[PDB]
Each structure stands twice: as C-alpha cells, then as structure tokens.
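Novice: The structure's right below; bear with me while I get my questions together.
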Amino acid sequence: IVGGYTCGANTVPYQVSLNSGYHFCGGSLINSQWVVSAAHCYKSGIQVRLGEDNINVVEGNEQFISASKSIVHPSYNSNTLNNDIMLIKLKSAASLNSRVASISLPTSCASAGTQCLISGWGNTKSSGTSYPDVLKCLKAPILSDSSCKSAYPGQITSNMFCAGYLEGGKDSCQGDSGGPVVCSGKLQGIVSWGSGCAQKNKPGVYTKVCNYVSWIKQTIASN
Ligand SMILES: CC(=N)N1CCC(Oc2ccc([C@H](Cc3ccc4ccc(C(=N)N)cc4c3)C(=O)O)cc2)CC1
Ligand SMILES: [Ca+2]
C-alpha cells in the first residue's frame, strides 16, 4: 500500500496473508473455511495465515492453516486479468473470534464515490521497493466507469472497477494482490492490477466481486 497508514494490530480481522515461505498475496476470509483471493495469486503449497499483523514475528493470535484446494475461476484469462478471482478452501475451519472474523459478500454493487478500505502487506513505494512488517491501510473511493475507461482504454471489462486517486500518491501495489476492498462492511473488490503504483492518472483496478456472488455461493455449496 503506497501512501497509506498502519492499520493497527488485528483491526482488519478478515485480512489473510498467503504464504509459501514468504508473503506473496493477500486474501479475505468469507466464512470459517473459505478464503477469496485473486486468480493470479494461484500457486501450489499455499499456507493461509490468519490473525496476522507483523508478518515476520509470532505475536500471538495467528492461525496457520494449509489450503486443501484452490479453485481458480474457470474463465480466468491471464493476459487480460478478466475474472481474476480464486476461492481457497482451508484444510480445517478457522477459529473465529475478535481478531479473526469473516467479511460479508455484497447483495448489490457499490456506486462511484463510495469510500472503501483497502489493506495489505504489499510494496509501500511508487519508485523502488519497500515491504512493511505490519499491515497497511488506505481509504479510497470507487471511481466512475468513465474515468476508469479513460485511464485504461480497452482494458476495463464489466468485471472490473477503478478505485483510488488520479493525482497519484495513494494506491495498492504488488504484494497487495488478492487483498480486500471493503465498502460499508461488504467485500466489493479484490486487488488485481494497475500500471505501476500510485502513478498520476493510473488508479488501481479491482475485481468486481458483486458480479461473482452467485458463482461463489454455488461453488462453495458443491465443494
Ligand atoms: C493488456 C491488458 N488488458 N492489461 C490488463 C491486465 C495486465 O495487467 C497487469 C498484470 C500484472 C502486472 C504486474 C505488476 C503489478 C501487480 C499487482 C498490482 C496490484 C495493484 C496495482 C495498483 N497500481 N493498484 C498494481 C499492480 C502491478 C507485472 O508487471 O508483473 C501489471 C499489469 C496487463 C494490461
Ligand atoms: Ca509474523
């Protein structure tokens, strides 16, 4: 997260860290046994780490659970990043409490202007690389479809939305991928892509979760 702030230990209880010997992607806990992330985060040998703040020190409250199966959306396209969504089933159900809790799926899509909270352990620099120990947060509004498509001509599908600041300086970045975009207590987006990080007129692009609620529910029910 570039231009964000330190969230505070366990203040984003649904935030998950995907680990394979190091943090590589974020995710959101949607129930005791399922996590939603980005399809481009797919990898074998994924350990889901819940209740994390400092990802390098064991501070208490952490729950490490192996992924039993990762389900990449069947229509995911790796070049366009359309349908960039993946469901991860935990080997065992997580112990939900004050510091580890699930986030609700939306019943309707969010409108332009809606303020949302984006979080992650991704790169904190626009020019260069600097990864944080603790979780970073950023409040950003959903932009209009017009501005989104003007920024990324011919690259925005109906399953994507832009969020952020056109003036640059505040944005999600590499490492934040798969993480949550929560608006009014509902998971509306998943960190997907963008051109660089926190660049002028190049806001972040996110997977539009409201378009996948039926798919998520049907898939979870059959697995
Ligand atoms: C051709 C086309 N339709 N598109 C859309 C999808 C695709 O977008 C992508 C896909 C991957 C990449 C990465 C780097 C990367 C990875 C994760 C990111 C997450 C968030 C942000 C952001 N600025 N909000 C930027 C990121 C930039 C890389 O360089 O490895 C960058 C753009 C290419 C451009
Ligand atoms: Ca740690």
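Letters A, B, ... mark the chains of the structure tokens in the order given; residue numbers begin at 1 per chain; ligand numbers begin at 1, in order shown.
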Contacts of stretch 179-183 of chain A at 7 Å or less, counting only C-alpha atoms, minus same-chain residues fewer than 3 places along, as a PyMOL selection string?
Specialist: chain A and resi 26-28+37+114-120+176+186-191
Novice: Show me, as a ChimeraX atom specification, the residues that have an atom within 9 Å of residue A:93 when counting only C-alpha atoms, minus same-chain residues fewer than 6 positions from it.
Specialist: /A:31-34,65
Novice: If the limit is 7 Å from any atom of ligand 1, counting only C-alpha atoms and all ligand atoms, which residues qualify? Return them as an MDAnalysis selection string.
Specialist: chainID A and resid 79:81 155 171:177 191:198 203:205
Novice: Would you output that residue set with C-alpha atoms, as a short mmCIF file (atom, residue, chain, number, x, y, z; two decimals), in the first residue's frame?
Specialist:
data_model
loop_
_atom_site.label_atom_id
_atom_site.label_comp_id
_atom_site.auth_asym_id
_atom_site.auth_seq_id
_atom_site.Cartn_x
_atom_site.Cartn_y
_atom_site.Cartn_z
CA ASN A 79 -3.46 -11.74 -20.20
CA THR A 80 -6.48 -9.53 -19.62
CA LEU A 81 -6.94 -10.48 -15.95
CA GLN A 155 -8.62 -2.87 -20.87
CA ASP A 171 -2.70 3.25 -4.22
CA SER A 172 -2.42 -0.52 -3.66
CA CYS A 173 0.65 -2.19 -5.17
CA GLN A 174 2.44 -5.50 -5.82
CA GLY A 175 2.12 -7.77 -2.80
CA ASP A 176 -1.35 -6.37 -2.03
CA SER A 177 -2.75 -8.61 -4.82
CA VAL A 191 -6.74 -6.12 -5.55
CA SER A 192 -5.98 -7.06 -9.16
CA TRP A 193 -3.72 -4.81 -11.27
CA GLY A 194 -2.72 -1.33 -12.35
CA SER A 195 0.03 0.49 -14.27
CA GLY A 196 2.88 0.94 -11.80
CA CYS A 197 1.81 2.09 -8.33
CA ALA A 198 0.40 5.43 -7.19
CA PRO A 203 -5.60 4.27 -10.45
CA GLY A 204 -5.78 0.71 -9.18
CA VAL A 205 -8.00 -1.82 -10.94
#
Novice: Within 8 Å of ligand 2, counting only C-alpha atoms and all ligand atoms: which residues, as an NGL selection string?
Specialist: :A and (52-59 or 62)
Novice: For the selection just defined, write its residues with N, CA and C atoms to a file, as a PDB file, in the first residue's frame.
Specialist:
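The resulting part29.pdb:
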ATOM      1  N   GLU A  52      -2.935 -12.104  11.453  1.00  0.00           N
ATOM      2  CA  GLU A  52      -1.606 -11.530  11.335  1.00  0.00           C
ATOM      3  C   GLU A  52      -1.539 -10.008  11.397  1.00  0.00           C
ATOM      4  N   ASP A  53      -0.462  -9.496  11.986  1.00  0.00           N
ATOM      5  CA  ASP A  53      -0.183  -8.063  11.963  1.00  0.00           C
ATOM      6  C   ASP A  53       1.260  -7.983  11.457  1.00  0.00           C
ATOM      7  N   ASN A  54       2.238  -8.251  12.324  1.00  0.00           N
ATOM      8  CA  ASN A  54       3.632  -8.255  11.883  1.00  0.00           C
ATOM      9  C   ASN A  54       3.852  -9.642  11.265  1.00  0.00           C
ATOM     10  N   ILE A  55       4.047  -9.705   9.953  1.00  0.00           N
ATOM     11  CA  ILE A  55       4.232 -10.997   9.283  1.00  0.00           C
ATOM     12  C   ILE A  55       5.560 -11.710   9.517  1.00  0.00           C
ATOM     13  N   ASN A  56       6.490 -11.043  10.195  1.00  0.00           N
ATOM     14  CA  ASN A  56       7.796 -11.643  10.465  1.00  0.00           C
ATOM     15  C   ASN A  56       8.026 -12.135  11.898  1.00  0.00           C
ATOM     16  N   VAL A  57       7.131 -11.769  12.814  1.00  0.00           N
ATOM     17  CA  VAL A  57       7.236 -12.178  14.224  1.00  0.00           C
ATOM     18  C   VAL A  57       5.964 -12.901  14.694  1.00  0.00           C
ATOM     19  N   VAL A  58       6.088 -13.942  15.514  1.00  0.00           N
ATOM     20  CA  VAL A  58       4.903 -14.614  16.055  1.00  0.00           C
ATOM     21  C   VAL A  58       4.546 -13.781  17.298  1.00  0.00           C
ATOM     22  N   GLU A  59       3.412 -13.089  17.251  1.00  0.00           N
ATOM     23  CA  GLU A  59       2.981 -12.217  18.351  1.00  0.00           C
ATOM     24  C   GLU A  59       1.787 -12.757  19.136  1.00  0.00           C
ATOM     25  N   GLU A  62      -2.169 -15.638  15.781  1.00  0.00           N
ATOM     26  CA  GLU A  62      -2.008 -16.205  14.443  1.00  0.00           C
ATOM     27  C   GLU A  62      -2.586 -17.607  14.363  1.00  0.00           C
TER      28      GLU A  62
END
Novice: Let's see if you can do this: from backbone DSSP, list all strand (DSSP E or B) residues in chain A, as a ChimeraX atom specification.
Specialist: /A:2,5-6,15-19,23-31,34-37,47-50,63-72,86-90,104,115-120,136-142,160-163,171,180-183,186-193,199,202,204-208
